[PDB]
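> Below is the file my_file22.cif, which contains mmCIF, C-alpha atoms and all ligand atoms.
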```cif
data_work
loop_
_atom_site.label_atom_id
_atom_site.label_comp_id
_atom_site.auth_asym_id
_atom_site.auth_seq_id
_atom_site.Cartn_x
_atom_site.Cartn_y
_atom_site.Cartn_z
CA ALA A 1 -53.28 -25.17 -39.33
CA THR A 2 -50.48 -24.76 -41.84
CA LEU A 3 -49.65 -22.05 -44.39
CA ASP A 4 -47.49 -23.12 -47.32
CA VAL A 5 -45.82 -20.59 -49.66
CA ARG A 6 -44.05 -21.90 -52.77
CA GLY A 7 -42.33 -20.49 -55.83
CA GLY A 8 -41.30 -22.47 -58.86
CA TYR A 9 -39.89 -22.33 -62.36
CA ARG A 10 -40.73 -24.68 -65.21
CA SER A 11 -37.93 -25.01 -67.79
CA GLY A 12 -39.93 -26.22 -70.83
CA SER A 13 -42.78 -23.77 -70.58
CA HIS A 14 -40.53 -20.91 -69.33
CA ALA A 15 -43.07 -20.15 -66.62
CA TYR A 16 -42.86 -19.01 -63.01
CA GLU A 17 -45.47 -20.24 -60.58
CA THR A 18 -46.41 -19.37 -57.04
CA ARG A 19 -48.68 -21.18 -54.63
CA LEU A 20 -50.32 -20.06 -51.35
CA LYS A 21 -51.96 -23.00 -49.55
CA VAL A 22 -53.72 -23.25 -46.18
CA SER A 23 -54.48 -26.66 -44.66
CA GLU A 24 -55.86 -28.05 -41.41
CA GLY A 25 -56.56 -31.49 -39.94
CA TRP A 26 -58.87 -32.36 -37.01
CA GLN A 27 -58.86 -35.10 -34.35
CA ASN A 28 -62.13 -36.51 -35.77
CA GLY A 29 -60.20 -37.34 -39.00
CA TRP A 30 -61.30 -34.56 -41.36
CA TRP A 31 -58.77 -32.59 -43.38
CA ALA A 32 -59.21 -29.59 -45.66
CA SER A 33 -57.06 -27.39 -47.82
CA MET A 34 -57.48 -24.36 -50.05
CA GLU A 35 -54.96 -22.87 -52.41
CA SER A 36 -54.34 -20.31 -55.11
CA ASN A 37 -51.81 -20.87 -57.89
CA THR A 38 -50.42 -18.23 -60.26
CA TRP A 39 -48.60 -18.87 -63.54
CA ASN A 40 -46.53 -16.28 -65.47
CA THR A 41 -44.77 -17.09 -68.76
CA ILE A 42 -41.61 -15.01 -69.36
CA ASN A 43 -54.53 -18.34 -61.97
CA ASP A 44 -56.45 -21.21 -60.41
CA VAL A 45 -58.07 -22.02 -57.12
CA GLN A 46 -58.37 -25.49 -55.59
CA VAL A 47 -60.22 -26.74 -52.55
CA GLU A 48 -59.79 -30.22 -51.14
CA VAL A 49 -61.48 -32.14 -48.36
CA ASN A 50 -61.07 -35.69 -47.14
CA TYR A 51 -61.75 -37.91 -44.16
CA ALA A 52 -59.54 -40.55 -42.48
CA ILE A 53 -61.05 -43.97 -41.93
CA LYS A 54 -58.66 -45.82 -39.61
CA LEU A 55 -58.61 -49.50 -40.61
CA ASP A 56 -56.04 -50.33 -37.89
CA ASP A 57 -53.03 -48.69 -36.18
CA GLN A 58 -51.03 -48.46 -39.46
CA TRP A 59 -53.59 -48.36 -42.32
CA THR A 60 -55.91 -45.47 -43.24
CA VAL A 61 -58.28 -44.95 -46.14
CA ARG A 62 -59.24 -41.40 -47.09
CA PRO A 63 -62.13 -40.81 -49.46
CA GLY A 64 -62.04 -37.23 -50.64
CA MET A 65 -62.64 -34.61 -53.25
CA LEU A 66 -60.57 -31.95 -55.02
CA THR A 67 -62.45 -29.10 -56.71
CA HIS A 68 -60.49 -26.93 -59.16
CA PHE A 69 -61.49 -23.59 -60.72
CA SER A 70 -59.71 -21.90 -63.66
CA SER A 71 -60.56 -19.84 -66.71
CA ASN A 72 -61.83 -22.90 -68.64
CA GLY A 73 -64.33 -23.96 -65.94
CA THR A 74 -64.75 -26.30 -62.97
CA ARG A 75 -63.11 -29.69 -62.51
CA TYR A 76 -64.04 -32.13 -59.73
CA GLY A 77 -61.72 -34.87 -58.50
CA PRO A 78 -63.36 -37.48 -56.24
CA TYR A 79 -60.73 -39.86 -54.91
CA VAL A 80 -59.75 -42.58 -52.50
CA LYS A 81 -56.30 -42.58 -50.93
CA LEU A 82 -54.85 -45.56 -49.04
CA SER A 83 -52.03 -44.81 -46.60
CA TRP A 84 -49.69 -47.10 -44.69
CA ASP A 85 -47.60 -45.84 -41.78
CA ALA A 86 -45.09 -48.69 -42.19
CA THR A 87 -42.83 -47.32 -39.44
CA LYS A 88 -42.70 -44.18 -37.30
CA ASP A 89 -40.33 -42.79 -40.01
CA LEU A 90 -41.75 -44.30 -43.26
CA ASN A 91 -45.16 -43.74 -44.82
CA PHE A 92 -46.53 -45.02 -48.12
CA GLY A 93 -49.59 -43.86 -50.04
CA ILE A 94 -51.58 -44.72 -53.15
CA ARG A 95 -54.43 -42.64 -54.52
CA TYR A 96 -56.86 -43.01 -57.41
CA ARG A 97 -58.56 -39.77 -58.48
CA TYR A 98 -61.05 -39.24 -61.29
CA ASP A 99 -60.73 -35.68 -62.65
CA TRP A 100 -64.08 -34.89 -64.25
CA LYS A 101 -64.56 -31.63 -66.14
CA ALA A 102 -67.91 -29.79 -65.77
CA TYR A 103 -67.38 -28.20 -69.20
CA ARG A 104 -66.83 -29.50 -72.71
CA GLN A 105 -63.85 -28.90 -74.98
CA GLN A 106 -63.14 -29.76 -78.60
CA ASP A 107 -61.64 -33.26 -78.92
CA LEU A 108 -59.31 -34.63 -81.60
CA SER A 109 -62.35 -35.68 -83.71
CA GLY A 110 -63.76 -32.15 -83.73
CA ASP A 111 -66.58 -32.93 -81.29
CA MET A 112 -67.26 -31.28 -77.96
CA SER A 113 -66.58 -33.88 -75.30
CA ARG A 114 -65.26 -33.92 -71.73
CA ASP A 115 -61.50 -34.15 -71.18
CA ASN A 116 -61.84 -36.41 -68.13
CA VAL A 117 -58.75 -38.02 -66.63
CA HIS A 118 -57.87 -41.14 -64.60
CA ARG A 119 -55.13 -40.14 -62.18
CA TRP A 120 -52.92 -42.35 -59.99
CA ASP A 121 -50.46 -41.05 -57.37
CA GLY A 122 -47.94 -42.98 -55.31
CA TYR A 123 -46.32 -41.46 -52.25
CA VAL A 124 -43.27 -42.29 -50.16
CA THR A 125 -42.27 -40.14 -47.19
CA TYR A 126 -39.14 -40.89 -45.22
CA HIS A 127 -38.11 -39.06 -42.05
CA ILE A 128 -34.32 -39.39 -42.39
CA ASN A 129 -33.47 -37.78 -39.02
CA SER A 130 -34.62 -34.89 -36.79
CA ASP A 131 -33.38 -32.40 -39.45
CA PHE A 132 -34.65 -33.86 -42.75
CA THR A 133 -37.62 -35.54 -44.41
CA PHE A 134 -37.51 -36.73 -48.00
CA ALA A 135 -40.71 -37.23 -50.00
CA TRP A 136 -41.32 -38.65 -53.41
CA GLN A 137 -44.65 -38.49 -55.27
CA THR A 138 -45.06 -40.36 -58.54
CA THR A 139 -48.02 -39.66 -60.82
CA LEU A 140 -49.61 -41.23 -63.86
CA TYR A 141 -52.61 -39.72 -65.58
CA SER A 142 -54.40 -40.88 -68.68
CA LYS A 143 -57.11 -39.48 -70.90
CA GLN A 144 -60.53 -41.12 -70.68
CA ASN A 145 -61.70 -39.54 -73.93
CA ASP A 146 -60.30 -38.48 -77.37
CA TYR A 147 -57.61 -36.03 -76.19
CA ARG A 148 -53.84 -36.07 -75.85
CA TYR A 149 -51.32 -34.39 -73.60
CA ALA A 150 -48.59 -32.03 -74.86
CA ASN A 151 -46.21 -35.04 -75.02
CA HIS A 152 -48.45 -36.26 -77.94
CA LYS A 153 -49.70 -39.21 -75.84
CA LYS A 154 -52.91 -40.31 -74.13
CA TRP A 155 -50.91 -40.44 -70.89
CA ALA A 156 -48.23 -38.62 -68.96
CA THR A 157 -46.28 -38.71 -65.72
CA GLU A 158 -44.98 -36.46 -62.98
CA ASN A 159 -42.30 -37.24 -60.43
CA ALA A 160 -41.79 -34.85 -57.53
CA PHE A 161 -38.87 -34.99 -55.08
CA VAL A 162 -39.08 -32.88 -51.94
CA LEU A 163 -36.42 -32.31 -49.27
CA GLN A 164 -37.88 -30.73 -46.11
CA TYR A 165 -35.76 -29.17 -43.40
CA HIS A 166 -37.26 -29.07 -39.91
CA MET A 167 -35.74 -25.76 -38.96
CA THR A 168 -38.06 -25.35 -35.99
CA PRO A 169 -41.07 -27.39 -34.90
CA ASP A 170 -43.35 -24.80 -36.61
CA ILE A 171 -41.21 -23.82 -39.66
CA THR A 172 -40.24 -26.17 -42.49
CA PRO A 173 -38.38 -24.75 -45.49
CA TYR A 174 -38.11 -27.09 -48.44
CA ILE A 175 -36.64 -27.52 -51.89
CA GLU A 176 -38.16 -29.55 -54.68
CA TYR A 177 -37.38 -30.93 -58.12
CA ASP A 178 -40.12 -32.24 -60.42
CA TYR A 179 -39.90 -33.94 -63.79
CA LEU A 180 -43.26 -33.37 -65.47
CA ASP A 181 -42.66 -35.42 -68.65
CA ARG A 182 -42.52 -33.72 -72.08
CA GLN A 183 -45.48 -31.48 -71.25
CA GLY A 184 -43.67 -28.20 -71.78
CA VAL A 185 -45.22 -25.79 -74.26
CA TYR A 186 -43.47 -22.60 -75.32
CA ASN A 187 -43.65 -20.21 -78.26
CA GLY A 188 -45.99 -22.50 -80.26
CA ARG A 189 -44.04 -25.73 -79.69
CA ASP A 190 -45.18 -28.64 -77.49
CA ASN A 191 -43.48 -31.89 -76.37
CA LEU A 192 -40.79 -29.93 -74.47
CA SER A 193 -38.97 -31.55 -71.54
CA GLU A 194 -40.51 -29.96 -68.41
CA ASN A 195 -38.09 -29.71 -65.45
CA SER A 196 -39.56 -27.93 -62.44
CA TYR A 197 -37.53 -26.36 -59.64
CA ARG A 198 -39.34 -25.18 -56.50
CA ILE A 199 -38.59 -23.60 -53.14
CA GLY A 200 -41.00 -23.06 -50.33
CA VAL A 201 -41.81 -22.94 -46.69
CA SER A 202 -44.53 -24.53 -44.62
CA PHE A 203 -45.37 -22.98 -41.24
CA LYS A 204 -47.82 -23.39 -38.37
CA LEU A 205 -50.33 -20.54 -38.14
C1 LIG B 301 -36.44 -22.42 -57.59
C2 LIG B 301 -36.77 -21.04 -58.17
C3 LIG B 301 -37.81 -20.30 -57.35
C4 LIG B 301 -38.65 -19.39 -58.24
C5 LIG B 301 -39.47 -18.37 -57.47
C6 LIG B 301 -40.54 -17.76 -58.39
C7 LIG B 301 -41.19 -16.52 -57.80
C8 LIG B 301 -42.24 -15.91 -58.74
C9 LIG B 301 -41.68 -14.82 -59.66
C10 LIG B 301 -42.79 -13.95 -60.24
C11 LIG B 301 -42.31 -13.06 -61.39
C12 LIG B 301 -42.99 -13.45 -62.70
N1 LIG B 301 -42.45 -12.71 -63.84
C13 LIG B 301 -41.02 -13.01 -64.03
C14 LIG B 301 -43.13 -13.13 -65.08
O1 LIG B 301 -42.60 -11.48 -63.71
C1 LIG B 302 -54.77 -18.12 -47.25
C2 LIG B 302 -54.49 -18.17 -48.75
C3 LIG B 302 -54.99 -19.47 -49.38
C4 LIG B 302 -55.77 -19.24 -50.66
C5 LIG B 302 -57.23 -18.94 -50.34
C6 LIG B 302 -58.01 -18.47 -51.57
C7 LIG B 302 -58.72 -17.14 -51.30
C8 LIG B 302 -59.39 -16.59 -52.55
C9 LIG B 302 -58.38 -15.98 -53.51
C10 LIG B 302 -58.78 -16.22 -54.96
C11 LIG B 302 -57.74 -15.68 -55.93
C12 LIG B 302 -58.27 -14.51 -56.76
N1 LIG B 302 -57.56 -14.44 -58.03
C13 LIG B 302 -56.10 -14.44 -57.81
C14 LIG B 302 -57.93 -15.58 -58.89
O1 LIG B 302 -57.85 -13.38 -58.65
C1 LIG B 303 -43.86 -55.30 -51.30
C2 LIG B 303 -42.81 -54.98 -50.24
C3 LIG B 303 -43.24 -53.76 -49.42
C4 LIG B 303 -42.08 -52.91 -48.90
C5 LIG B 303 -42.00 -52.86 -47.38
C6 LIG B 303 -41.50 -51.55 -46.80
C7 LIG B 303 -40.64 -51.78 -45.55
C8 LIG B 303 -41.20 -51.23 -44.24
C9 LIG B 303 -42.22 -52.17 -43.58
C10 LIG B 303 -41.87 -52.53 -42.14
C11 LIG B 303 -43.06 -52.43 -41.18
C12 LIG B 303 -43.44 -53.77 -40.56
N1 LIG B 303 -44.36 -53.56 -39.45
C13 LIG B 303 -44.86 -54.87 -39.02
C14 LIG B 303 -43.68 -52.94 -38.29
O1 LIG B 303 -45.34 -52.83 -39.77
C1 LIG B 304 -50.28 -48.00 -49.77
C2 LIG B 304 -49.03 -48.87 -49.73
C3 LIG B 304 -49.23 -50.24 -50.37
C4 LIG B 304 -48.27 -51.28 -49.77
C5 LIG B 304 -47.93 -52.42 -50.73
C6 LIG B 304 -48.31 -53.80 -50.19
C7 LIG B 304 -47.42 -54.24 -49.02
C8 LIG B 304 -48.27 -54.58 -47.80
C9 LIG B 304 -47.47 -55.11 -46.62
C10 LIG B 304 -48.39 -55.79 -45.61
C11 LIG B 304 -48.14 -55.43 -44.14
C12 LIG B 304 -47.48 -56.57 -43.37
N1 LIG B 304 -47.57 -56.37 -41.93
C13 LIG B 304 -48.90 -56.73 -41.41
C14 LIG B 304 -46.59 -57.27 -41.30
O1 LIG B 304 -47.29 -55.19 -41.58
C1 LIG B 305 -33.08 -16.50 -68.41
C2 LIG B 305 -34.37 -17.02 -67.78
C3 LIG B 305 -34.08 -18.16 -66.79
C4 LIG B 305 -34.90 -18.04 -65.50
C5 LIG B 305 -34.65 -19.27 -64.61
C6 LIG B 305 -35.11 -19.09 -63.16
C7 LIG B 305 -34.40 -20.11 -62.26
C8 LIG B 305 -34.94 -20.08 -60.83
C1 LIG B 306 -32.58 -24.05 -66.49
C2 LIG B 306 -32.78 -23.37 -65.14
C3 LIG B 306 -32.17 -24.20 -64.00
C4 LIG B 306 -32.65 -23.70 -62.63
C5 LIG B 306 -31.85 -24.36 -61.50
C6 LIG B 306 -32.28 -23.84 -60.12
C7 LIG B 306 -31.17 -24.08 -59.08
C8 LIG B 306 -30.86 -25.57 -58.92
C1 LIG B 307 -56.83 -54.60 -40.97
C2 LIG B 307 -56.00 -53.77 -41.96
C3 LIG B 307 -56.45 -54.02 -43.41
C4 LIG B 307 -55.46 -53.44 -44.44
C5 LIG B 307 -56.19 -52.65 -45.54
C6 LIG B 307 -56.09 -53.30 -46.93
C7 LIG B 307 -56.92 -52.54 -47.97
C8 LIG B 307 -56.87 -53.23 -49.34
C1 LIG B 308 -52.86 -56.95 -42.64
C2 LIG B 308 -52.28 -56.16 -43.82
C3 LIG B 308 -52.90 -56.58 -45.16
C4 LIG B 308 -52.18 -55.92 -46.34
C5 LIG B 308 -53.11 -55.60 -47.52
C6 LIG B 308 -52.38 -54.83 -48.63
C7 LIG B 308 -53.34 -54.05 -49.53
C8 LIG B 308 -52.62 -53.52 -50.78
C1 LIG B 309 -35.07 -51.04 -43.68
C2 LIG B 309 -36.28 -50.89 -44.61
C3 LIG B 309 -35.85 -50.41 -46.01
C4 LIG B 309 -36.78 -50.94 -47.13
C5 LIG B 309 -37.59 -49.81 -47.78
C6 LIG B 309 -37.95 -50.11 -49.24
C7 LIG B 309 -39.04 -49.16 -49.75
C8 LIG B 309 -39.70 -49.66 -51.03
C1 LIG B 310 -30.08 -30.11 -67.29
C2 LIG B 310 -30.89 -31.36 -66.96
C3 LIG B 310 -31.85 -31.11 -65.79
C4 LIG B 310 -31.99 -32.32 -64.84
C5 LIG B 310 -31.68 -31.91 -63.39
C6 LIG B 310 -32.06 -33.00 -62.38
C7 LIG B 310 -31.99 -32.44 -60.95
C8 LIG B 310 -32.18 -33.54 -59.89
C1 LIG B 311 -37.67 -43.20 -57.05
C2 LIG B 311 -37.01 -43.12 -58.43
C3 LIG B 311 -37.95 -42.53 -59.49
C4 LIG B 311 -37.16 -41.86 -60.62
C5 LIG B 311 -38.06 -41.47 -61.80
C6 LIG B 311 -37.44 -40.34 -62.61
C7 LIG B 311 -37.98 -40.27 -64.04
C8 LIG B 311 -37.42 -39.05 -64.79
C1 LIG B 312 -33.75 -38.51 -59.44
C2 LIG B 312 -34.22 -37.28 -60.23
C3 LIG B 312 -33.68 -37.26 -61.67
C4 LIG B 312 -34.82 -37.33 -62.71
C5 LIG B 312 -34.29 -37.60 -64.13
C6 LIG B 312 -34.77 -36.56 -65.17
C7 LIG B 312 -33.60 -35.68 -65.67
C8 LIG B 312 -33.64 -35.49 -67.19
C1 LIG B 313 -44.03 -15.48 -53.60
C2 LIG B 313 -43.36 -16.86 -53.50
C3 LIG B 313 -42.42 -16.95 -52.30
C4 LIG B 313 -41.44 -18.13 -52.40
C5 LIG B 313 -41.21 -18.74 -51.02
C6 LIG B 313 -39.74 -19.06 -50.76
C7 LIG B 313 -39.52 -19.37 -49.27
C8 LIG B 313 -38.05 -19.65 -48.94
CL CL B 314 -68.54 -37.83 -68.48
CL CL B 315 -50.68 -42.76 -76.36
#
```
Give the structure from this file in structure tokens form.


Amino acid sequence: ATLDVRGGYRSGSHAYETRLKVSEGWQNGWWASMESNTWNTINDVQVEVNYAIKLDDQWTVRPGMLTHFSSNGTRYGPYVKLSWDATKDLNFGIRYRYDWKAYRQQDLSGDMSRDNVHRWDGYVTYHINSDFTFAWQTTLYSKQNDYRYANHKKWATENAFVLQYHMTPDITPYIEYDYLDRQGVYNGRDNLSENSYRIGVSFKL
């Protein structure tokens, strides 16, 4: 199993975040994770499970679900991820997730609806050498219903860039930059450029 500890700062929202995440995978193909996230402007819990269906030596499909709890209520995210181990050192992934909210919120028409979201994620991971792995995750999400993001649009993006250092077989420090679109909100103003800078470490328990 792996414990991941991460700290970050978001420039638009002027917010620190921390994450503690524990994950395990099994030989039968199951995988599960649980995490807690904190956010402090100058909490949530998520649980995820999936299963690997091996289509051949290089291709895997993982149906799964992400459940998310916060002050507003519960959100469920059933998904299917397709992964391709193109080489020993290069992996690609694509995931569709439907983030469905178990609670209603006021929409832009004044009605109480569900702020459900269609979410797509692309993944590239490249093992550069014994010392370094570089990962990029690109994200698009769009509103199913009559809502908008803080960028004033029905859609938004995230792009995350992670450099992992394989310090020991069981310890992997990493640094990360994310651009989270103009989703920053601070001091009563939205549409702020949201740069995110993170540092963390992943280790074997
Ligand atoms: C790349 C920068 C790493 C940032 C590490 C963030 C650690 C969390 C700090 C918690 C303090 C929150 N605060 C400032 C509101 O008290
Ligand atoms: C091994 C740590 C991984 C996180 C596991 C989650 C355990 C439950 C903690 C819930 C957080 C309680 N809180 C902060 C919302 O008050
Ligand atoms: C649409 C073009 C897709 C980009 C291809 C990425 C390059 C790595 C693929 C090489 C793997 C070939 N093979 C047969 C060993 O699996
Ligand atoms: C989840 C990644 C999606 C990959 C995009 C489509 C490129 C597929 C390449 C086919 C593989 C060719 N082959 C059998 C020689 O490895
Ligand atoms: C003056 C507040 C800036 C805090 C930025 C933190 C960078 C890691
Ligand atoms: C505006 C804050 C910038 C934080 C940079 C962190 C070190 C690259
Ligand atoms: C035999 C491998 C099939 C590749 C999976 C394609 C899924 C659209
Ligand atoms: C034998 C490999 C087939 C590739 C299918 C690609 C699905 C996006
Ligand atoms: C030698 C293979 C490099 C091509 C990788 C392109 C990834 C989209
Ligand atoms: C001051 C502009 C922030 C963009 C930094 C990009 C880091 C890779
Ligand atoms: C792999 C290159 C993606 C760069 C996207 C950055 C958008 C701010
Ligand atoms: C390759 C990371 C740079 C992303 C561009 C966003 C900076 C404003
Ligand atoms: C409380 C967050 C800790 C940040 C981890 C940094 C590891 C180098
Ligand atoms: Cl619905
Ligand atoms: Cl729009």

> How would you write, as a ChimeraX atom specification, the set of residues no farther than 6 Å from ligand LIG 307 (chain B) when counting all atoms listed in the file?

/A:55-56,59

> Between A:178, A:35, A:85, A:44, which residue has the minimum interatomic distance to ligand LIG 303 (chain B), considering all atoms listed in the file?

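The shortest atom-to-atom distance to ligand LIG 303 (chain B) comes from A:85.
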
> Taking only C-alpha atoms into account, which of A:121, A:17, A:48, A:115 comes nearest residue A:93?

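That would be A:121, the residue with the smallest distance to residue A:93.
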
> Show me, as a compact mmCIF listing (two decimals) with C-alpha atoms, in the coordinates of the input, the residues that have an atom within 6 Å of residue A:116 when counting all atoms listed in the file, minus same-chain residues fewer than 5 positions from it.


```
# COMPACT_ATOMS: atom_id res chain seq x y z
CA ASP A 99 -60.73 -35.68 -62.65
CA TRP A 100 -64.08 -34.89 -64.25
CA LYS A 101 -64.56 -31.63 -66.14
CA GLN A 144 -60.53 -41.12 -70.68
```

> How would you write, as a list in words, the set of residues no farther than 12 Å from ligand LIG 310 (chain B) when counting all atoms listed in the file?

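Listing the residues within 12 Å of ligand LIG 310 (chain B) gives residues 10, 11, 12, 159, 160, 161, 162, 163, 175, 176, 177, 178, 179, 180, 181, 193, 194, 195, 196, 197 and 198 of chain A.
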
> Would you list the residues that come within 12 Å of ligand LIG 308 (chain B)? Count all atoms listed in the file and give the answer as a short mmCIF file (atom, residue, chain, number, x, y, z; two decimals) with C-alpha atoms, in the coordinates of the input.


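Writing done, so here's out.cif:
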```
data_model
loop_
_atom_site.label_atom_id
_atom_site.label_comp_id
_atom_site.auth_asym_id
_atom_site.auth_seq_id
_atom_site.Cartn_x
_atom_site.Cartn_y
_atom_site.Cartn_z
CA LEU A 55 -58.61 -49.50 -40.61
CA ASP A 56 -56.04 -50.33 -37.89
CA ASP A 57 -53.03 -48.69 -36.18
CA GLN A 58 -51.03 -48.46 -39.46
CA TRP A 59 -53.59 -48.36 -42.32
CA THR A 60 -55.91 -45.47 -43.24
CA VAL A 61 -58.28 -44.95 -46.14
CA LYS A 81 -56.30 -42.58 -50.93
CA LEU A 82 -54.85 -45.56 -49.04
CA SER A 83 -52.03 -44.81 -46.60
CA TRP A 84 -49.69 -47.10 -44.69
CA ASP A 85 -47.60 -45.84 -41.78
CA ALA A 86 -45.09 -48.69 -42.19
CA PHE A 92 -46.53 -45.02 -48.12
CA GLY A 93 -49.59 -43.86 -50.04
CA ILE A 94 -51.58 -44.72 -53.15
CA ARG A 95 -54.43 -42.64 -54.52
#
```

> Kindly give the distance, in Å, that separates atom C1 of ligand LIG 303 (chain B) and atom CA of residue A:133, rounded to a single decimal.

21.8 Å

> What separation in Å, quoted to one decimal, exists between atom CA of residue A:184 and atom CA of residue A:111?

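Between atom CA of residue A:184 and atom CA of residue A:111 the gap works out to 25.3 Å.
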
> Could you tell me how far atom CA of residue A:156 lies from atom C4 of ligand LIG 302 (chain B), in Å and to one decimal?

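Going from atom CA of residue A:156 over to atom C4 of ligand LIG 302 (chain B), I get 27.7 Å.
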
> Can you tell me, as a PyMOL selection string, what residues are no more than 9 Å from residue A:51 when counting all atoms listed in the file, ignoring any on the same chain fewer than 2 positions away?

chain A and resi 28-32+49+53+61-64

> Which residue gives the smallest distance to residue A:143 among A:108, A:15, A:22, A:128, with only C-alpha atoms counted?

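Counting only C-alpha atoms, the residue closest to residue A:143 is A:108.
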
> Ranking A:113, A:37, A:27, A:130 by minimum distance to residue A:52 and counting only C-alpha atoms, which one comes first?

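Ranking A:113, A:37, A:27, A:130 by distance to residue A:52, first place goes to A:27.
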
> In terms of the shortest atom-to-atom distance over all atoms listed in the file, which of A:26, A:40, A:21, A:205 is closest to ligand LIG 305 (chain B)?

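Smallest separation from ligand LIG 305 (chain B) among the options: A:40.
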
> Find the residues near residue A:67: any atom within 6 Å, counting only C-alpha atoms, skip ones fewer than 6 places away on the same chain, and give them as a ChimeraX atom specification.

/A:46-47,75-76

> Please find the residues contacting ligand LIG 313 (chain B) at a distance of at most 8 Å between atoms, with all atoms listed in the file counted, and report them as a tab-separated table (two decimals) with C-alpha atoms, in the coordinates of the input.


```
chain	number	residue	atom	x	y	z
A	5	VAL	CA	-45.82	-20.59	-49.66
A	6	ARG	CA	-44.05	-21.90	-52.77
A	7	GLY	CA	-42.33	-20.49	-55.83
A	8	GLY	CA	-41.30	-22.47	-58.86
A	18	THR	CA	-46.41	-19.37	-57.04
A	19	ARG	CA	-48.68	-21.18	-54.63
A	20	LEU	CA	-50.32	-20.06	-51.35
A	173	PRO	CA	-38.38	-24.75	-45.49
A	174	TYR	CA	-38.11	-27.09	-48.44
A	199	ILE	CA	-38.59	-23.60	-53.14
A	200	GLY	CA	-41.00	-23.06	-50.33
A	201	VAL	CA	-41.81	-22.94	-46.69
```

> As lines of an AutoDock Vina configuration file, what would the box around ligand LIG 305 (chain B) look like: edges along x, y and z, 3 Å added on every side, centre and edge lengths in Å to one decimal?


```
center_x = -34.1
center_y = -18.3
center_z = -64.6
size_x = 8.0
size_y = 9.6
size_z = 13.6
```

> Could you tell me which of A:13, A:105, A:91, A:71 comes closest to residue A:135 if we count all atoms listed in the file?

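Among the listed residues, the smallest separation from residue A:135 belongs to A:91.
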
> Since the input is missing atoms, can you rebuild N, CA and C atoms for stretch 85-99 of chain A and write them as a CSV table (one decimal), in the coordinates of the input?


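Written out: out15.csv:
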```csv
chain,number,residue,atom,x,y,z
A,85,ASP,N,-48.7,-46.3,-42.6
A,85,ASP,CA,-47.6,-45.8,-41.8
A,85,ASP,C,-46.8,-47.1,-41.4
A,86,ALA,N,-45.9,-47.5,-42.3
A,86,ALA,CA,-45.1,-48.7,-42.2
A,86,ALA,C,-44.2,-48.7,-40.9
A,87,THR,N,-43.5,-47.6,-40.7
A,87,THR,CA,-42.8,-47.3,-39.4
A,87,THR,C,-43.1,-45.9,-39.0
A,88,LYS,N,-42.6,-45.6,-37.8
A,88,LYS,CA,-42.7,-44.2,-37.3
A,88,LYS,C,-42.1,-43.2,-38.3
A,89,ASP,N,-41.1,-43.6,-39.1
A,89,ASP,CA,-40.3,-42.8,-40.0
A,89,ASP,C,-40.6,-43.0,-41.5
A,90,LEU,N,-41.5,-44.0,-41.9
A,90,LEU,CA,-41.8,-44.3,-43.3
A,90,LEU,C,-43.2,-44.5,-43.5
A,91,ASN,N,-43.8,-43.7,-44.5
A,91,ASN,CA,-45.2,-43.7,-44.8
A,91,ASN,C,-45.3,-44.0,-46.3
A,92,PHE,N,-46.2,-44.8,-46.7
A,92,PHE,CA,-46.5,-45.0,-48.1
A,92,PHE,C,-48.0,-44.6,-48.4
A,93,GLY,N,-48.2,-44.2,-49.6
A,93,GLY,CA,-49.6,-43.9,-50.0
A,93,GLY,C,-49.9,-44.2,-51.5
A,94,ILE,N,-51.1,-44.5,-51.8
A,94,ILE,CA,-51.6,-44.7,-53.2
A,94,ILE,C,-53.0,-44.1,-53.2
A,95,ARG,N,-53.2,-43.3,-54.3
A,95,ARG,CA,-54.4,-42.6,-54.5
A,95,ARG,C,-54.9,-42.8,-56.0
A,96,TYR,N,-56.2,-43.1,-56.1
A,96,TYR,CA,-56.9,-43.0,-57.4
A,96,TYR,C,-57.8,-41.8,-57.4
A,97,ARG,N,-57.7,-40.9,-58.3
A,97,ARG,CA,-58.6,-39.8,-58.5
A,97,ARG,C,-59.1,-39.7,-59.9
A,98,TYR,N,-60.4,-39.4,-60.0
A,98,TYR,CA,-61.0,-39.2,-61.3
A,98,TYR,C,-61.3,-37.7,-61.5
A,99,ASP,N,-60.6,-37.1,-62.4
A,99,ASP,CA,-60.7,-35.7,-62.6
A,99,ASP,C,-61.8,-35.5,-63.8
```
